[PDB]
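Here are two versions of the same chain, shown separately as structure tokens and labelled structure 1 and structure 2.
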Structure 1
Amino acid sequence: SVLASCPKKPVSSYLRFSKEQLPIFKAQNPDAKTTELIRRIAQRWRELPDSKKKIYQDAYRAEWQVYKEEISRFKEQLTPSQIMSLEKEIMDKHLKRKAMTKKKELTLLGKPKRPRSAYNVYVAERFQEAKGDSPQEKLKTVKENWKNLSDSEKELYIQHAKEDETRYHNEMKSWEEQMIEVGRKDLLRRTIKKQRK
């Protein structure tokens, strides 16, 4: 929102070159993949004389100066609360990215899923059939039925949940064993609920 309207920093000498050249290369090889066009474009940059590479830096440098001025001007025209709002937007954006990266790493190293709760089992089984338009409304329905469940009915699910708790512990034992072996001891649990930490 504040960050949305915020002046953007200029892109570098090579990235400028890239952005202008890409349309040109795309126009000439329309069925070629972007990744290859970029490899070709990098090559052209690399081949480009340093005098020609200077033109691009000189502009970036000049553009940096405008940014400095635009940023100062923008911040000067903001209120204490908008500033804090802007600081929070940036922090949040950073943390969101750091988070996403940790998750991807784990997914790539094929970390087992966490144990599915009785309620998870219930949602899996009863979702398709729940009354409601949107999946949001359908969940609200399942959630409601779940609340009204006889501990007699709830037990079926609690047993499946106990079954998954077993898989988890097993898959984990194996995965952690593998992690030590690929030298990623950092990814191990410091504390295990149903085993030695």
Structure 2
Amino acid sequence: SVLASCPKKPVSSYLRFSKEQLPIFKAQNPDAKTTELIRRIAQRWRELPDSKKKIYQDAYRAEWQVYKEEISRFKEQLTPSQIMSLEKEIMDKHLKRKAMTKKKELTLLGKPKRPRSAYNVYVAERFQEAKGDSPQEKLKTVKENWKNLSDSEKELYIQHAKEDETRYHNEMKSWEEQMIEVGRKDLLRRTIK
């Protein structure tokens, strides 16, 4: 909202060169992978005489002066409420990226899944059965069927949950022992129940 309209900074000298060069490298080798092309483009950059790098550097510097003007005139026409909104939007985006980065990191470190309750075991064992033309409606259905379960049957899912609590404690003790060894004592629970 405020962030959407905020002037964006110009790209540096090399990234400018990189974006005219990529489509020509791609058009000549449409099968070769983008990581190989960028790897091939970087050196066209290293090899490029400094008289030619200066053409890209001069454009960057000239656009940097447009940016300074654009951003100064932008920030100074914002109301206090729009300044707060811009700061909250930037903060929220940064936190979304940090949270997402941490989840990918913990998956690479092989963090155990948390205990799956009897309802979670139910949703796994009997979801695609549930009538629904949308995954959200197949779940909406699962919630009613879960309630309609006989007491006899729900105790079957409670024991599956019970034995998964044991799996959680075992795997966590093992994973947390491994994190101290990898030097990630920070990833440990402070309150281990």
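Numbers given to residues start at 1 and step along the sequence of structure 1. Superpose the two forms; the largest set of C-alphas matching within 1.5 Å is the rigid core. Residues that one form lacks are left out of the comparison.
For the relative rotation of rigid parts between the two structures, the listed residue sitting on a hinge is 97 (options: 97, 158, 131, 83). Annotation: rigid-body hinge motion between the two structures, rotation of the minor part against the major part equal to 13 degrees. With the core fitted, the CA of residue 49 sits 2.1 Å away from its counterpart between the two structures. On rigid-core superposition between the two structures, the C-alpha of residue 27 is found to move 1.6 angstrom. CA movement of residue 150 between the two structures equals 4.1 Å, with the two forms superposed on the rigid core. Once the two forms are aligned on their core, the segments of at least three consecutive shared residues with Cα displacements of 2 Å or more between the two structures fall at 1-9, 49-51, 64-92, 147-154.
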